[PDB]
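Residue numbers (the entry's author numbering): 164 to 212. Even for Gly, the Cβ is constructed at its ideal location relative to N, Cα and C. Reviewing the structure listed below.
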Amino acid sequence: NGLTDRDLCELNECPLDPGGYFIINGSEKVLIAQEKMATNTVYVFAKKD
DNA sequence: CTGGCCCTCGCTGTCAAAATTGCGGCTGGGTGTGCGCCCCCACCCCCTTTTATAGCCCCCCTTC
């Protein structure tokens, strides 16, 4: 979190690594944002079928 | 026997809904993963006594 660039290098981690991913069984797993319809809002659609 | 009319009823067309199968072609990577409850019946363990052994540990007592 608070490590500076030198501390990151000494710890064998790239300073330029953005992070934002988990490490599960050694695999860098990233969660992709999932789109969904907005909740709590009234929506009137055009079912013609 | 013949003919005019309205009736229950038999059958049909028509509309509608539920049910049904398929949705391009090759390819290359990587990465992961594999009941349930409640009851009845056999079988085994602990209840108890004895005694030696010693480290460990609970409990009560005592100190200040």
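Whole angstroms are fine: how far does the CA of residue j sit from the CA of residue i?
i	j	result
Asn164	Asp170	11 Å
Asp212	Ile187	45 Å
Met200	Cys172	43 Å
Between the Cα of residue i and the Cα atoms of the options, which residue gives the shortest distance?
i	options	result
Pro181	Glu198, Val193 and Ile187	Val193
For residue i, is the beta carbon positioned less than 7 Å from some heavy atom of the ligand ATP?
i	result
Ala196	For the ligand ATP, the structure offers nothing, since it holds no ligand at all.
Thinking residue i and residue j are a contact (beta carbons under 8 Å), I'd like their distance in whole angstroms, please.
i	j	result
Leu179	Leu166	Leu179 to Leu166, Cβ: 14 Å. No contact.
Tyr184	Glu176	Between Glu176 and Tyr184 the Cβ distance is about 13 Å, and since that is not below 8 Å, they are no contact.
In terms of residue numbering, what span does the alpha helix (DSSP H) encompassing residue i cover?
i	result
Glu173	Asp168 to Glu173
Please list the terminal residues of the continuous beta strand (DSSP E) segment that includes residue i.
i	result
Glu191	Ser190 to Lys192
residue 138	This structure leaves residue 138 out entirely; the chain is present only between 164 and 212.
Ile187	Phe185 to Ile187
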